[PDB]
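# Understanding the architecture of this molecule
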Amino acid sequence: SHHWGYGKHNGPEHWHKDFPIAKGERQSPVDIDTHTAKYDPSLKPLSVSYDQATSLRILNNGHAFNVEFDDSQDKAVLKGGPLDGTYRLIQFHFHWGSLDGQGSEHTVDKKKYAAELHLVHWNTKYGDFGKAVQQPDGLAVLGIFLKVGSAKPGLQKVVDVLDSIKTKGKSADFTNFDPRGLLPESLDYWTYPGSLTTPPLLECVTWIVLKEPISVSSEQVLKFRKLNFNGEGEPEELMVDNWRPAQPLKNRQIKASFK
Ligand SMILES: COc1ccc2c(ccc[n+]2C(=O)c2ccc(S(N)(=O)=O)cc2)c1
Ligand SMILES: [Zn+2]
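The text that follows walks through the structure, step by step, so that each part is easy to find. (Residues numbered from 1 in each chain as written, not as in the entry; some residues may be left out. Chains lettered and ligands numbered in written order. Heavy atoms only, no water. Residues with missing side-chain atoms left out of burial classes, pairs and counts.)

## Here we look at the side chain of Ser104
Along the chain, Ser104 falls in the loop between β7 (87–96) and β8 (107–108). Residue classification places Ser104 among the buried residues on the basis of a relative accessible area of 1%. At a separation of 2.9 Å, a polar atom in the side chain of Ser104 contacts the main-chain carbonyl oxygen of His106. Beyond its immediate chain neighbours, meaning those up to four positions away, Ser104 contacts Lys112, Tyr113, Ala114, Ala115, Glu116, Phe145 and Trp243. (Helix = DSSP H or I, 4+ residues; strand = E, 2+ residues; numbered from the N terminus. Buried < 20%, exposed > 50% of the residue type's maximum accessible area, 1.4 Å probe, protein only. Polar contact = N/O pair within 3.5 Å; in protein donor to acceptor, adjacent residues only side chain to side chain. Contact = heavy atoms within 4.5 Å.)

## Comments concerning the coordination of the zinc ion (ligand 2)
Donor atoms from the polypeptide that bind the zinc ion (ligand 2) are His93 (NE2), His95 (NE2) and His118 (ND1), placed at 1.9 Å. Classification of the site at the zinc ion (ligand 2) as tetrahedral follows from its four donor atoms and the range of 99 to 119° in their angles at the metal. Read from N- to C-terminus, the donor residues coordinating the zinc ion (ligand 2) fall into the pattern H-x1-H-x22-H. Of the two residues, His95 sits in strand β7 while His118 sits in strand β9 (residues 115–123), which places them 23 residues apart along the sequence. Just as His95 is buried, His118 falls in that class too. (Donors = N, O, S within 2.8 Å, 3.2 Å for Na, K, Ca; no water. Tetrahedral: all angles 85-135°; square planar, octahedral: opposite > 155°, others 65-115°.)

## A word on the pattern of salt bridges
According to the stated counting rule, one finds six salt bridges in the structure shown. For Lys166, the salt bridge identified is with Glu236, shortest N-O distance 3.7 Å. With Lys166 in the loop between α3 (156–161) and β11 (171–173) and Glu236 in the loop between α4 (218–224) and β15 (255–256), the pair connects residues that are 70 residues apart, well separated along the chain. Taking relative accessible area as the criterion, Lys166 reaches 39% and is therefore assigned partly exposed. (Salt bridge = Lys/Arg side-chain N within 4 Å of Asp/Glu carboxyl O.)

## Here we look at the packing of aromatic side chains
Enumeration over the complete set of coordinates arrives at 15 aromatic pairs. Considering the side-chain rings of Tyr6 and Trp15, the 5.6 Å spacing of their centres and the 75° angle between planes classify their relative orientation as edge-to-face. With respect to burial, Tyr6 and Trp15 carry one shared label: buried. Seen from their ring centres, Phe65 and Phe224 are 5.4 Å apart, and the 75° between their planes marks the pair as edge-to-face. Placement of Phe65 in strand β5 (residues 65–69) and of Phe224 in helix α4 is noted, with a sequence separation of 159 residues between them. Its relative accessible area of 1% is what places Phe224 among the buried residues. Cluster of aromatic residues (ring-pair linked, three or more members): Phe65, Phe69, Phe92, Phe94, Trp96, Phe174, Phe177 and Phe224. A cation over a ring is seen here: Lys111 above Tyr113, with NZ or CZ 4.9 Å from the ring centre. (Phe/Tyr/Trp six-rings, centres within 6.5 Å; stacked < 30°, edge-to-face > 60°. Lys NZ or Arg CZ within 6 Å of the ring centre and 35° of its normal.)

Rendered as structure tokens:
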């Protein structure tokens, strides 16, 4: 099984062979050109209601780690912004680099952040996640940039469990994590229509990318980089540089919620 990954032989420029939509019309991520993105006064404020969020578990899937939520009721929800309807939080994960100068998927005027957080939500009108990903308005992913400087106290709970899920296929109980602790002050955002940034690369995402990055410490991101792509008792490949680069914008407009 020579499966997709991020190395020289199985990384982003190889994905099209198995997933031809990789060269499609609405692929993510993209470079966000701040001078070309237009203020859209019709865009609403983003409504992030995470007060009843229920985390269940954390998993290393060999590509990143996913913190999963119970999405069997309208607990943690995203709405307003560019969205019509209600989208439920299912999981969050991050993408990061081998060094602080790279790691984000989206870029801002070609600037790369040290990492990027993705909070993944599905449109409740489609009833389940698997059905949502087959729809052009099926998912809403909230993207949040990470830069290195001061520690984020709301992240440390995640950092401290990574020891227990070092390799691919390991999981641990991860209850009562509050993702409000990962949010920046301002909910100003850019939005555009896009895709999942890993295979199957489905073109089903309304991207909402926050302008304000959060700060995490060097020590926090260092612990991300101690994870492993490989499974237990296999040769060690550190989980670093699990980001797809910017893809062509083609026939698409990036709108800003702010002036
Ligand atoms: C077998 O069960 C699974 C597991 C993961 C699946 C998935 C269906 C599509 C993509 N994924 C995702 O959940 C996924 C992949 C990428 C992104 S991203 N990085 O936010 O665009 C979000 C979500 C099914
Ligand atoms: Zn992602």
